[PDB]
Structure formats: C-alpha cells, structure tokens
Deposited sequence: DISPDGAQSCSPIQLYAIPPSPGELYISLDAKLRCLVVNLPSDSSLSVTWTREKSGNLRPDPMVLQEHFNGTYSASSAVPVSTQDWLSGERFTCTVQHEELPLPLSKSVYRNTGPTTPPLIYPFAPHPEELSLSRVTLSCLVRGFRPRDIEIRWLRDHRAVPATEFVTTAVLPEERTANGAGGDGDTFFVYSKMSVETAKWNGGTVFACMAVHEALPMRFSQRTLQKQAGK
C-alpha cells in the first residue's frame, strides 16, 4: 500500500521570496528496508536535496519526506522534476513528477470589501477579499497593514474551490480571505491591502488596497 506524492511549492515561496522547495512524501512504508528517495531534474544541472526525514506513525507505518530547493526561474521555464522511491517491497520503483502548470491559465480577479456598515459599532471590523476566476487552483493570499506584512495568524483564507457552473477551458477557482482589524485603526485611515500570489498574474502577484472612505 506504498503511496508516493510529489508536492509543488507554494506560490508565496516561488514568487515572493524565491526560496521554494519541491517536496516528496512517501507513506505506508513497512520499514526503511532498502529505502531510497531520489530526485531527477529534466534539464542539465544538479539538484541538492535536503536530508530525508523518516517519521514513525501510530498506525504501525513509516513515512519519508524529502525536500529539494528549486529556483523560480527553473520552475517557470517548464522544467519537470521527478521523485522516485525504491524499497524492498517495491517490485518496481515508483515515480511522480511535479512541474509548473501547462493547462489553461487565467489570472485572478481581486475584489476587496470594506466592513459591512453594521460592524462599525463593534470594537473590531472585518476586512475581506474575494479572489476569483483563476486557473490553475494554486494561489496564496497575503495581507499588508501600513505597507508591512501581516502575520498569518491574523487572517484566514478559505481552501480553494471550483466556482459554481454558472460563474463563467474547464473550472475556474476562488478563495475568500478575511482579516479582523481594530475599528479605531480602520476609522483612523490606516491603509490595508489584500495581495494575491498566482502564476498567471503579470508580476506573479497583485494587491488591492482598502482604506476607510471619508
């Protein structure tokens, strides 16, 4: 029942910090008996994977994870990266590939919402952002407050879903993100921003500002 997954980097690590890693996860290993996880890149050059990590599980199994740095330029070029697992119980090696989307691509539309008027009596108000119409589904949302990054613990973003069949090359997707802010700060004119990070955007990210209107 050995399963192998090749996990793509997050849009944030690819397009904001440019320090992305590919990750390979192997599950349901009966042991590390002749276990090996190896990476291959399609083009000339080398890869330098991090040390592989073995975890024990309560269900009596083992999992192995291996991460490898990938440059954003290499990712964007369309290069394919392949992880392969060998094991005593594996008659044939298992491989999975990961690479930048080659299917249809469509940039996200970003719609910021100010607090509902009925929230303004409360000590905190909700700023939110609908991001929709995009392909592929991989997207990251970040927030800024007075031009500085907001910690992830201070907002929440919904898991990406296909849009309803009426909303519009296949499904498009959407996410919604919201951030509770102090009412005094909102009323004070602080500028906030919701940022989408997505491969189909001109510069790979775009932001829309929110600020109280006079």
query: What stretches of this chain's deposited sequence are missing C-alpha coordinates?
result: 1-11, 180-183, 230-231
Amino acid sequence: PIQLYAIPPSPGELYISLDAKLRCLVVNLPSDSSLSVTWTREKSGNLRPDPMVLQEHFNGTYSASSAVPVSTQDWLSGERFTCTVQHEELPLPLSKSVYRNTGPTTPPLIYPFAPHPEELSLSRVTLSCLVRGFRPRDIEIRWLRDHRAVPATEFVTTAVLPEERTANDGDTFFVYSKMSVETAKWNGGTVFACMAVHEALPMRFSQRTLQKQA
From here on, numbers count along this sequence of modelled residues.
- prompt: Which has higher Cα B-factors on average according to the PDB entry: 119-127 or 69-77?
  reply: 119-127
message: Test of understanding: from the entry's C-alpha B-factors, which stretch has the higher mean, 78-86 or 132-140?
response: 78-86
- prompt: Which one of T158, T172, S36, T153 shows the top CA temperature factor in the record?
  reply: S36
query: So among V181, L47, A167, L54, who wins on Cα B-factor in the entry?
result: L54
field: Relative C-alpha B-factor of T40, binned into the chain's lowest, middle or highest third
entry: middle
query: Looking at the C-alpha B-factor of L94, is it in the lowest, middle or highest third of its chain?
result: highest
- prompt: Against its chain's modelled residues, does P162's Cα B factor rank lowest, middle or highest third?
  reply: lowest
- request: Using the B-factors in the PDB entry, rank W186's C-alpha atom against the chain and give the third, lowest, middle or highest.
  value: middle
task: Would you mind checking where the Cα B-factor of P11 ranks among the modelled residues of its chain, as the lowest, middle or highest third?
output: lowest
